[PDB]
Every structure is written in C-alpha cells, then in structure tokens.
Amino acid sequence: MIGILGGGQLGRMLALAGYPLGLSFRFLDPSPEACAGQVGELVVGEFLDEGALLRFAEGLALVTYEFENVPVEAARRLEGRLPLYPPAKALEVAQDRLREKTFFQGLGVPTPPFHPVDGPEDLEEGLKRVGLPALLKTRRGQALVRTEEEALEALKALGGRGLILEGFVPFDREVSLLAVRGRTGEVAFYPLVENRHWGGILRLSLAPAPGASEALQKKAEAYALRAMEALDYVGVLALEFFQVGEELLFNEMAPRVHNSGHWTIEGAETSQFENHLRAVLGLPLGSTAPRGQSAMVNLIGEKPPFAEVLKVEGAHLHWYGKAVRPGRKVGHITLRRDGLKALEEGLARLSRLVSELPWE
C-alpha cells in the first residue's frame, strides 16, 4: 500500500493512475475535505502530529509526497521506518530558494544572478553585483523592485532577513521539463513544456514546447540528469526554466508530479502520475513519447459549464472535487489534437469558457 503525504489533487491523480496497476493508497492531510479522500483512504491530521503520522504509516510499503510544502520533519521521521521516495533531501533543497539556486548553480546549470540578503548591508552588498530591476523574495512572499530605494524599502515590512535577491530576467517564455528516475536507476524525460502564468498562477501549458529546439531538449534533459543523480532522486522531478534566446536558466524545482504536466494523462504514452508510481515502485518506466499536441488549461476559482467544455472534441475535463473558491485550483482541461491548427482552434473554443486565460 502506497502512502502519500498530502491529500490534494496531485495525490488524487496519483491514486487514479495507480488503481489500474492494482495498487492501494492512504493519504494524510489536515483537512477532512481533501479531494484525495474521495478516492482513497484519508487520514485527517497535522503533519507535525506525530500520532497521526505514525498511525498513517502503519503497514505502508513505501511513502511519497504530493504537498510541496510538507514539513520535512514529517518526511524524515518516517524515513527510518519505511522507504521514502523522493529522498527527504530533495524537499530540503526545494523548500529554500537560496538552497535551490546554489544547488543547481553548483551542478553547472545557469541561474539568474542571485544574492543572499539578510541585512541592509547585504542588500547593497549585492544590489549592484546583480542588477536592477530585480526581485526580492522570502527564501521560504515576494516583490519586484525597480527603484534603487524601493529595494531597501522592499525588505522592510517583508521581513528584513531570510530573503533572496534575484536579477529580473527578460525571458522569451517560461518552460519546464518533467523528468523521472526509477528506484533502479533508469531515467526518462518528457518533452519540454511551455507554461504561461498570470496573476502568479499557471494558466496554460503547451506541450511539446512549441518550436523547442532539438538541442534545447537535450540541454534541459542534461541539467535534469545532473540534478536527479546528485540527489539520488526516485520518482518524478519537475524543473522550471526561463528561456532567453537559446539559454535555459533554472528557476524552480518541485520534488513531485507537477501542474505543468497534467497534459500527460492523455497527451503522453505514460502519465507523469503513472511514471512516478512506476519509479518509486522499482518497475520499468513507461514511454514518455507525446500523443500529438496538448494544451493544458487550469480551472482557477470557477466551475465552467461541463456540457460546454465537453462539446469540444479532444477536450478532456478533470474536475478535482474541491469546493470552488477564489484563486483555488479546482480542475483542469487537457485538449489533445493531432495538428497545431486543430489544437489552436479548440483552444479558441475553450478560452471563451475560462477567465483570466492569457491566450490569443
């Protein structure tokens, strides 16, 4: 029986992808309403409630996680008791912006100019050895700053410590590469994906990344291989980069299945969810070859009219079962066509059904 820290939609989808393989699941989440509960055994409890933690761990074959901000303490507490994939280290690295950048910077992968900022002297200490405008964000929320003074004003009423200074980067687009490494050591890579954000929320994902170079792919995969092996990664790893020209600058890493990959459920030969499961289980990884072209559109804080989205062919609706609320991810729609024209035509139909969707 697989145990999953986090009862969100990512966990809900891991379970749905696992039942066909005859697997079992148990989730842990502090909210009785976790949508994964509608699909498997859900244990309600705080991650730092040792009692709930150990109760949930009983009989488990292994433990993995879907909630990216899960307390690393809860993951390490169970690490001794049962197998845990990905390794707790990955959470550590991914949960601290500075620790994240240094790690990749140390692997030899490009990253925006960044500098640690704990004191006003640090802010200046690197405010120029970085640039301007730029971003100042908590290492563990964030604020873009243009004015040389708006910066020293930024740290104020933001914390004043434990922050990171990143040099704003004018990117052509944002892309991400979902990669996977089995318990056996085998690896696999999905086509790059173009992600579009708006209001600080992923709104649309285009796969494969439109135009993506053939060398661009190998480039991303290369960086990904380095990261996974460096961490003894097992499962699915999501790497987000900024694309400037033909360069890739590491932006963020998530030790788990990622939103920018939901299109793999029908748009790839093997979903990221099934592969994550195959990986942590020590089974042969499945093919990541794409099935035509996909457009992943998130459903944020609103419930589109089902009959209307289902009228579009190639459109695959996914409602998470969560209660609708402002800015909340309540589902997504994957449009899988076999020609960019058709794809672009269906996307037109769906854009009229979803708000705040930045597409033309």
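Heads up: residue numbers just count along the shown sequence, starting at 1.
Per the record, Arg140 and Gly141 are separated by 4 to 9 deposited residues that are missing from the model. 213 to 221 and 129 to 137 differ in mean CA B-factor, and the higher of the two is recorded for 129 to 137.
Look at the mean CA B-factor for 13 to 21 and for 343 to 351 in the entry; the higher one is 343 to 351. When the C-alpha B factors of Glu149, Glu73, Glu186, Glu194 are read from the deposited coordinates, the top value falls at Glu149. Going by the entry's values, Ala157 shows the largest Cα B-factor out of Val93, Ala268, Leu177, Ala157. The PDB entry assigns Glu240 a C-alpha temperature factor belonging to the middle third of its chain's modelled residues. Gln105: CA B factor lies in the highest third for its chain, per the PDB record. Per-chain ranking of the deposited C-alpha B factor places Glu252 in the middle third. The entry lists a Cα temperature factor for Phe114 that places it in the highest third of the chain's modelled residues.
Annotation for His276: CA B-factor lies in the lowest third of the chain's modelled residues.
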